[PDB]
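K.L.:
Residue numbers (the entry's author numbering), protein chains in the order written: chain B, 301 to 349; chain P, 1 to 106, 110 to 130.
The beta-carbon is built from N, C-alpha and C at its ideal position, and this holds for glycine as well.
Before I ask anything, let me first share the structure, which is written out below as structure tokens.
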């Protein structure tokens, strides 16, 4: 299928490219320290008028 | 240095309106629950009203409920105290005090600890 022929003459041909595939998935990020103070708004004891 | 300046005093005939204003300078105005406390002439203190960090008032005194109206403004660091139905009895000094515990600094939110006190005005009413 590479030479586009049926009979193939003797030799050494190059056909394709051996390649390894990825295995899984990785995501990275440093330790998270800041969280938005939503509780102070949502859990506030008294809302404004 | 922390500064609590109040203004609005002056004799007004009974049946009029008054709008005291307290200015705060020297701290984060949004992490401290303000208070308004009166001071009768030659008598003890008497709590009037207050406001939490989030512009939510915490009720007024039993004998004053119905006329006073407090309002806060964190943008200008200004607290205001609208007053209605003025009467001869409503003559006293007025301090605006601040809480001590910052919000979420440790159960519930703090409201106690009136530590810093400004020099009060001399509101008086006469016919």
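Counting pairs of beta carbons, one from the segment 118 to 127 of chain P and one from the segment 93 to 103 of chain P, are three or more of them closer than 8 Å?
P.N.:
Because the criterion of three Cβ pairs below 8 Å is met, the segment 118 to 127 of chain P and the segment 93 to 103 of chain P touch.
K.L.:
Which residue from 2/P, 88/P, 22/P, 28/P puts its Cα closest to that of residue 41/P?
P.N.:
Here the closest residue by C-alpha is 88/P.
K.L.:
According to DSSP, simplified to helix, strand and coil, what is residue 6/P?
P.N.:
Residue state, collapsed to three classes: strand.
K.L.:
Kindly list the residues whose CB is nearer than 7 Å to the CB of residue 27/P, restricted to its own chain and excluding five residues on each side of it in sequence; keep chain order.
P.N.:
So the list reads 2, once near-sequence residues are dropped.
K.L.:
What does DSSP give as the partner residue(s) for residue 50/P in the beta ladder?
P.N.:
Note: residue 50/P sits in a beta bridge opposite 35/P.
K.L.:
Rounded to whole angstroms, how far is the Cβ of residue 50/P from the Cβ of residue 58/P, which I believe are closer than 8 Å?
P.N.:
Their Cβ separation, rounded to whole angstroms, is 5 Å, which keeps residue 50/P and residue 58/P in contact under 8 Å.
K.L.:
Which one or two residues does DSSP pair with residue 96/P in a beta bridge?
P.N.:
DSSP lists 36/P as partners of residue 96/P.
K.L.:
Any beta-carbon of chain B closer than 7 Å to the one on residue 90/P?
P.N.:
Answer no: the Cβ-Cβ gap between residue 90/P and chain B never drops below 7 Å.
K.L.:
So residue 112/P contacts chain B; which residues on that side make the cut at Cβ distance below 7 Å?
P.N.:
Within chain B, the residues near residue 112/P are 345.
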